[PDB]
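**Q** Quick mapping for you: the protein sequence lines, in order, are chains Q, F and E.
Going by the entry's author numbering, the first sequence opens with residue 47, and the numbers climb by one from there.
Going by the entry's author numbering, the second sequence opens with residue 9, and the numbers climb by one from there.
Going by the entry's author numbering, the third sequence opens with residue 4, and the numbers climb by one from there.
All C-beta atoms, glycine included, are put in the ideal place defined by N, C-alpha and C.
Next up is a structure, given as structure tokens.
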Amino acid sequence: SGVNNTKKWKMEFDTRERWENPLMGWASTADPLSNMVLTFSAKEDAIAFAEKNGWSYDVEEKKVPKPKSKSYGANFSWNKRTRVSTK
Amino acid sequence: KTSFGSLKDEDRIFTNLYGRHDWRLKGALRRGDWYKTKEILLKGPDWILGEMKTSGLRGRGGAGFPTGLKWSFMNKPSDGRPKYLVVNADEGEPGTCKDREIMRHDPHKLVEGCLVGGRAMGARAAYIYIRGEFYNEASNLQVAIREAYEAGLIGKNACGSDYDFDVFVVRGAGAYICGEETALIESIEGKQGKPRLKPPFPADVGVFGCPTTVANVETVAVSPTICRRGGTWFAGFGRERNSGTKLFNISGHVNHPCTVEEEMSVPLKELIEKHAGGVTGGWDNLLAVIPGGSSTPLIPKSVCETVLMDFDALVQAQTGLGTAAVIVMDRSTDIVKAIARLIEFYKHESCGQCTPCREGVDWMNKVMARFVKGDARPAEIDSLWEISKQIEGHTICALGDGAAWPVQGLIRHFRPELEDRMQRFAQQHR
Amino acid sequence: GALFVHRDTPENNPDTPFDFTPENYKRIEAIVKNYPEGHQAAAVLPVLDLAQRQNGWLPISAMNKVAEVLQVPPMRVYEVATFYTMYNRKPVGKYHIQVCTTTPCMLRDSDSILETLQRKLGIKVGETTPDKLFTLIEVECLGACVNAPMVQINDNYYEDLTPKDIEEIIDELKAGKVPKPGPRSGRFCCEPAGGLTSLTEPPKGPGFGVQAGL
Ligand SMILES: Cc1cc2nc3c(=O)[nH]c(=O)nc-3n(C[C@H](O)[C@H](O)[C@H](O)COP(=O)(O)O)c2cc1C
Ligand code: SF4
Ligand code: FES
Numbered sequence: 047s048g049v050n051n052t053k054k055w056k057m058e059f060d061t062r063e064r065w066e067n068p069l070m071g072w073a074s075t076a077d078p079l080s081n082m083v084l085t086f087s088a089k090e091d092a093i094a095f096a097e098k099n100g101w102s103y104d105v106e107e108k109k110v111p112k113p114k115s116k117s118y119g120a121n122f123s124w125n126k127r128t129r130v131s132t133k
Numbered sequence: 009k010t011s012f013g014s015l016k017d018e019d020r021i022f023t024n025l026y027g028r029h030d031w032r033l034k035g036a037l038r039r040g041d042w043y044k045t046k047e048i049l050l051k052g053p054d055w056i057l058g059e060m061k062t063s064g065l066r067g068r069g070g071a072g073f074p075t076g077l078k079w080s081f082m083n084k085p086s087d088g089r090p091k092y093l094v095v096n097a098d099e100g101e102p103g104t105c106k107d108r109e110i111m112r113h114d115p116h117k118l119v120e121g122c123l124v125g126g127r128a129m130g131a132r133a134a135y136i137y138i139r140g141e142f143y144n145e146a147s148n149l150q151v152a153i154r155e156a157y158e159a160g161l162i163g164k165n166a167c168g169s170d171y172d173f174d175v176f177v178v179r180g181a182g183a184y185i186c187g188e189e190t191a192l193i194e195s196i197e198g199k200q201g202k203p204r205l206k207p208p209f210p211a212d213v214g215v216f217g218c219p220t221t222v223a224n225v226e227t228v229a230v231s232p233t234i235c236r237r238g239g240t241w242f243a244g245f246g247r248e249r250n251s252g253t254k255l256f257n258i259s260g261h262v263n264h265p266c267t268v269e270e271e272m273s274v275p276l277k278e279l280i281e282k283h284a285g286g287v288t289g290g291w292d293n294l295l296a297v298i299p300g301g302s303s304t305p306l307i308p309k310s311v312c313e314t315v316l317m318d319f320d321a322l323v324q325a326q327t328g329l330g331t332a333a334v335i336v337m338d339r340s341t342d343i344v345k346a347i348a349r350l351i352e353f354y355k356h357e358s359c360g361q362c363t364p365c366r367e368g369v370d371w372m373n374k375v376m377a378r379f380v381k382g383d384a385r386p387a388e389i390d391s392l393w394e395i396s397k398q399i400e401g402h403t404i405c406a407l408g409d410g411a412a413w414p415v416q417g418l419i420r421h422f423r424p425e426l427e428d429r430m431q432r433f434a435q436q437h438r
Numbered sequence: 004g005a006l007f008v009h010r011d012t013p014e015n016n017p018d019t020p021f022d023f024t025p026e027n028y029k030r031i032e033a034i035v036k037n038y039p040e041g042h043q044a045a046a047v048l049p050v051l052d053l054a055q056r057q058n059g060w061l062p063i064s065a066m067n068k069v070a071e072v073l074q075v076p077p078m079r080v081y082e083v084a085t086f087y088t089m090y091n092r093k094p095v096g097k098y099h100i101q102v103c104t105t106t107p108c109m110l111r112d113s114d115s116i117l118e119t120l121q122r123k124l125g126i127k128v129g130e131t132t133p134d135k136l137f138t139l140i141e142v143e144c145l146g147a148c149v150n151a152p153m154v155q156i157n158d159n160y161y162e163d164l165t166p167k168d169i170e171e172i173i174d175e176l177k178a179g180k181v182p183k184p185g186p187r188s189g190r191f192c193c194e195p196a197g198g199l200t201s202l203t204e205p206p207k208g209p210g211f212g213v214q215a216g217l
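Structure representation (structure tokens):
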């Protein structure tokens with residue numbers, strides 16, 4: 047339920063091929079940018095950083111949970127379906 | 009006046025306390041019940057609530073809230089929902105048996121009290137929730153209710169007052185927590201007796217989600233007499249803000265354990281000696297008293313000498329009036345084992361809903377069991393004190409608080425007795 | 004000891020026969036009508052209690068029948084049957100002896116009553132006699148502490164007991180007689196022994212002390 051990891055903008059690269067190492071079975075790669083993650087304070091900072099480095103980018107809008115109406119008293123309604131059968 | 013006690017039989021309300029007169033309607037009428045009820049009803053809600061406010065009556069279920077203020081939360085225009093009065097007859101606090109006598113010997117006082125109180129709140133019916141173990145009392149109460157229906161005193165056109173009122177009896181199935189006012193409402197609604205959080209308050213959202221007042225049997229039963237004889241008469245007993253008469257249960261180590269009606273603010277010493285026949289073996293044999301039932305902390309013999317039995321006086325003694333159930337322990341008693349068995353009760357009675365009481369009370373119970381043997385070290389006494397303070401004030405309902413206070417009463421007044429057992433246990437093994 | 008999970012057995016399973024007798028069905032619809040329309044889950048505690056008064060105890064089939072009769076989910080009936088301690092989810096004896104051992108009773112020697120019952124019946128608390136006529140358990144306060152020590156046997160209270168008194172009550176039940184509820188000490192209910200200290204005067208009659216203008 048913690049939300050502390052949904053507060054900063056992140057830049058990550060497109061995932062590339064990983065393959066099995068014949069000796070040990072380890073996951074091998076040829077992608078030098080496979081672990082690169084950059085943190086940004088604003089969407090506009092991240093866009094600016096990608097553009098000067100010549101990287102094509104896709105930007106997705108931040109999703110905030112919608113405000114909700116919580117009423118503990120609704121659990122005991124006279125005539126509504128919100129009445130809970132158990133506690 | 010500054011001296012209280014020596015109540016006269018003319019001023020007693022529960023005149024058939026001991027079941028020596030007929031408990032049916034014929035006897036109840038002779039004793040003055042159901043007299044001028046139609047007159048009281050037609051004087052209206054505001055007048056009735058005025059009498060209860062003037063009398064200074066306070067809750068008899070344990071918490072002692074001013075009754076007239078509480079009952080006035082229902083004095084509001086309806087919103088299309090029915091209005092209800094619940095009468096708490098669960099009576100499950102160890103040491104308390106006062107409500108049991110009202111229902112079996114003065115059932116028509118309670119039924120009339122339901123109507124007068126139900127009218128003042130504007131309620132359509134009364135649900136009396138009685139503990140399941142009180143089967144014979146529940147059947148006495150239904151016989152009285154049937155008699156009142158046949159005589160026109162309740163039901164359609166109650167007492168000829170053009171006001172409709174029903175009185176249903178619902179029985180519990182064995183749970184002390186169902187005496188908590190919102191756990192009782194849930195149990196009526198067919199659920200586990202788990203208390204609700206507040207808000208909402210029952211006067212807003214109660215049983216079936218409707219405006220409700222939960223009132224104690226003793227609170228409800230004395231209301232018709234307060235209206236007939238007036239709030240000034242009732243306010244003439246006990247200290248200010250602690251007025252009226254009260255039913256006391258004296259049990260434990262007394263010569264004559266009994267139930268008796270006495271004026272409020274009566275000295276605790278006078279109550280035990282006059283009515284209960286004194287402490288088993290003399291006043292000097294007294295060790296400690298639990299003055300309000302299990303939930304109230306014990307006090308030692310030194311405090312008991314001068315303490316008055318009313319709400320404010322026992323608050324200054326670091327305990328409380330509670331249900332006015334006096335439990336007496338003489339010096340032959342194992343004080344630690346006595347309080348440990350009370351923690352064992354609360355552990356068996358926790359509804360389990362909320363973390364501090366579900367886990368904490370069970371934790372306190374285990375530590376107390378080790379304190380009885382002395383299988384602990386004195387550093388744990390302060391640990392148990394802190395654990396009880398973590399439960400208190402942090403739970404949904406007052407059961408958690410009522411479990412913490414007995415521990416604190418023991419630690420406050422009998423720390424040397426605990427540390428002495430730990431010393432004996434350590435040397436008995438080392 | 005007393006578990007809160009059901010596991011099927013031949014004697015207790017969903018096919019164990021249970022039904023309400025026709026007389027008890029008339030009693031159910033009186034119970035249900037005590038509540039607002041559309042709030043008939045309120046009838047679970049009485050109806051579930053009625054199934055046990057007919058049957059003595061509650062197999063899973065009896066709980067399932069209550070849920071169907073009231074059209075509540077069975078889990079909501081199971082929750083109730085496992086919460087309230089008066090429902091017997093295992094069979095009990097003909098006489099269910101319940102001895103209070105809370106502190107007000109313990110101070111007046113409820114331990115002696117429990118010891119006498121164990122040795123007399125030859126069982127321990129929580130067990131049933133081999134002939135299945137008594138079950139013995141300890142209970143919390145029954146609201147009769149001034150009349151301690153006391154026991155409940157089915158719907159009746161037997162109070163102000165001594166080891167000799169409890170033996171008599173056990174003999175009467177083995178014989179087939181009903182002992183009689185109440186104190187076994189000489190007093191009638193909750194009065195102080197040795198004479199009333201209050202309410203010795205006649206009641207004052209109708210209209211006494213009424214305020215003027217009422
Ligand atoms: C665990 C617990 C048990 C209670 N048991 C009872 C009871 O058996 N009878 C009662 O009148 N109040 C009992 N109360 C107090 C009620 O919650 C409530 O305050 C009271 O019944 C109604 O208010 P009144 O006394 O002013 O009339 C209990 C409270 C708690 C926390
Ligand atoms: S304090 Fe105890 S009895 Fe009260 S709601 Fe919490 S767990 Fe239940
Ligand atoms: S302590 Fe036994 S009946 Fe109350």
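Could you work out which residue in E:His42, E:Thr12, E:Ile31 is closest to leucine 51 of chain E when comparing CA atoms only?
**A** Looking at the Cα atoms, E:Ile31 is the closest of the given residues.
**Q** Please list, in chain order, all residues with a C-beta atom less than 5 Å from at least one heavy atom of ligand 3.
**A** In chain order, the hits are F:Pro102, E:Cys103, E:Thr105, E:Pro107, E:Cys108, E:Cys144, E:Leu145, E:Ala147, E:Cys148.
**Q** Is the Cβ-Cβ distance between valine 95 of chain F and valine 268 of chain F less than 8 Å?
**A** Cβ distance not < 8 Å, so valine 95 of chain F and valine 268 of chain F don't count as in contact.
**Q** Return no unless some Cβ of chain E is closer than 8 Å to the Cβ of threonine 267 of chain F.
**A** Answer yes: the Cβ-Cβ gap between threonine 267 of chain F and chain E drops below 8 Å somewhere.
**Q** Taking the alpha-carbon positions, what's the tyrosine 90 of chain E to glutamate 194 of chain E distance?
**A** Approximately 33 Å between the Cα atoms of the pair.
**Q** Output yes if chain F places a C-beta closer than 8 Å to the C-beta of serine 201 of chain E; else output no.
**A** Chain F, which has a Cβ nearer than 8 Å to the Cβ of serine 201 of chain E, makes this yes.
**Q** Go through its chain and collect everything with a Cβ distance to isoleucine 126 of chain E's Cβ below 7 Å, but skip five positions before and after it.
**A** Closer than 7 Å at the Cβ level, and outside the excluded window around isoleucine 126 of chain E, lie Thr132, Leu139.
**Q** Less than 8 Å between the C-beta atoms of residue 440 of chain F and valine 344 of chain F, yes or no?
**A** Within the shown structure, residues of chain F are numbered from 9 to 438, placing residue 440 of chain F beyond reach of any answer.
**Q** Please identify, using Cβ separations under 8 Å, the residues of the region 80 to 91 of chain E that lie next to chain Q, in order along the chain.
**A** Within the region 80 to 91 of chain E, the qualifying residues are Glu82.
**Q** Mapping DSSP to helix, strand and coil, what is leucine 139 of chain E?
**A** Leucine 139 of chain E: strand per DSSP, three-state reduction.
**Q** If I measure Cβ to Cβ from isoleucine 110 of chain F and keep anything under 7 Å in the same chain, skipping five residues before and after, which residues do I get?
**A** These residues qualify, in order along the chain: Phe22, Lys117, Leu118, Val225, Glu226, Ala229.
**Q** What residues in its chain sit with their C-beta under 6 Å from that of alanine 92 of chain Q, if we drop five residues either side in the sequence?
**A** So the qualifying residues of the chain are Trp55, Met57, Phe86.
**Q** Along the chain, where does the beta strand (DSSP E) containing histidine 99 of chain E start, and where does it finish?
**A** Segment 98 to 103, the beta strand (DSSP E) holding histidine 99 of chain E.
**Q** When you compare each of E:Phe21, E:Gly41, E:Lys123 to residue 218 of chain E by their alpha carbons, which one comes out closest?
**A** Because chain E is modelled from 4 through 217, residue 218 of chain E falls outside the range shown and cannot be assessed.
**Q** Grab me the residues of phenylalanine 422 of chain F's own chain with a C-beta within less than 7 Å of its C-beta, minus the 5 sequence neighbours each way, in chain order.
**A** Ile343, listed in sequence order.
**Q** Please state the DSSP three-state secondary structure of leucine 120 of chain E.
**A** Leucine 120 of chain E falls in the helix class under three-state DSSP.
**Q** Check the Cβ-Cβ distances between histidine 116 of chain F and every residue of chain E, and say whether any is below 8 Å.
**A** No, because no Cβ of chain E sits closer than 8 Å to the Cβ of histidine 116 of chain F.
**Q** Looking at chain E, is there any beta carbon in it that lies within less than 8 Å of the beta carbon of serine 74 of chain Q?
**A** It does not: the Cβ of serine 74 of chain Q has no partner Cβ on chain E nearer than 8 Å.
**Q** Could you name the residues of the same chain whose beta carbon sits closer than 8 Å to that of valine 415 of chain F, not counting the 5 residues immediately before and after it, in chain order?
**A** Excluding residues within five positions, the ones whose Cβ falls inside 8 Å are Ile347, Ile351, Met372, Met376, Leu392, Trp393, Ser396.
**Q** Start and end of the beta strand (DSSP E) containing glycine 260 of chain F?
**A** First-last of the beta strand (DSSP E) with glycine 260 of chain F: 253 to 260.
**Q** Does ligand 1 have even one heavy atom less than 7 Å from the beta-carbon of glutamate 189 of chain F?
**A** For ligand 1, at least one heavy atom lies less than 7 Å from the Cβ of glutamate 189 of chain F.
**Q** Since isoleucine 31 of chain E is in the beta strand (DSSP E), which residue starts that stretch and which ends it?
**A** Where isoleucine 31 of chain E is concerned, there is no enclosing beta strand (DSSP E), although the alpha helix (DSSP H) it sits in stretches over 25 to 35.
**Q** Tell me whether the beta-carbon of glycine 100 of chain F lies closer than 8 Å to the beta-carbon of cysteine 144 of chain E.
**A** Yes; because the gap between Cβ atoms is below 8 Å, this pair is in contact.
**Q** Let me check one thing: in DSSP terms, what residues is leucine 84 of chain Q bridge-paired to?
**A** Q:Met57.
**Q** Need the endpoints of the alpha helix (DSSP H) that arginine 64 of chain Q sits in, please.
**A** Counting along the chain, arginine 64 of chain Q falls outside any alpha helix (DSSP H), though it belongs to the beta strand (DSSP E) covering 64 to 66.
**Q** Would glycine 69 of chain F pass as a contact of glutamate 270 of chain F if the rule is Cβ separation under 8 Å?
**A** The answer is no: Cβ separation not under 8 Å.
**Q** Would you tell me roughly how many angstroms separate the C-alpha atoms of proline 232 of chain F and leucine 93 of chain F, rounded to the nearest one?
**A** Distance between the alpha carbons of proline 232 of chain F and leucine 93 of chain F: 15 Å.
**Q** What would DSSP say about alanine 97 of chain F, mapped onto helix, strand or coil?
**A** DSSP places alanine 97 of chain F in strand when its eight states are reduced to three.
**Q** Exposed or buried, what is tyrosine 135 of chain F when buried is set at 16 or more other beta-carbons lying within 10 Å of its beta-carbon?
**A** The residue is buried, with at least 16 neighbouring Cβ atoms inside 10 Å.
**Q** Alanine 44 of chain E and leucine 6 of chain E - do their beta-carbons sit closer together than 8 Å?
**A** No, they are not a contact pair.
**Q** Under the three-state reduction of DSSP, which class applies to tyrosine 103 of chain Q: helix, strand or coil?
**A** Of the three classes helix, strand and coil, the one that applies to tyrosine 103 of chain Q here is coil, per DSSP.
**Q** Mind checking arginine 66 of chain F: buried by the 16 CB within 10 Å criterion, or exposed?
**A** Label assigned to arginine 66 of chain F: buried.
**Q** Can the beta-carbon of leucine 149 of chain F be found less than 8 Å from the beta-carbon of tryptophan 42 of chain F?
**A** No, Cβ-Cβ distance for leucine 149 of chain F and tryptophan 42 of chain F is not below 8 Å.
**Q** Can you check DSSP and say which residues form a bridge with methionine 376 of chain F?
**A** None, per the DSSP bridge assignment.
**Q** Work out the CA separation of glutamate 14 of chain E and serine 251 of chain F for me, nearest whole Å.
**A** Cα to Cα, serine 251 of chain F sits roughly 59 Å from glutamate 14 of chain E.
**Q** Of the residues F:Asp409, F:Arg385, F:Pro210, F:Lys34, which one's Cα is nearest the Cα of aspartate 114 of chain F?
**A** When each option's Cα is compared against that of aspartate 114 of chain F, the closest is F:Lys34.
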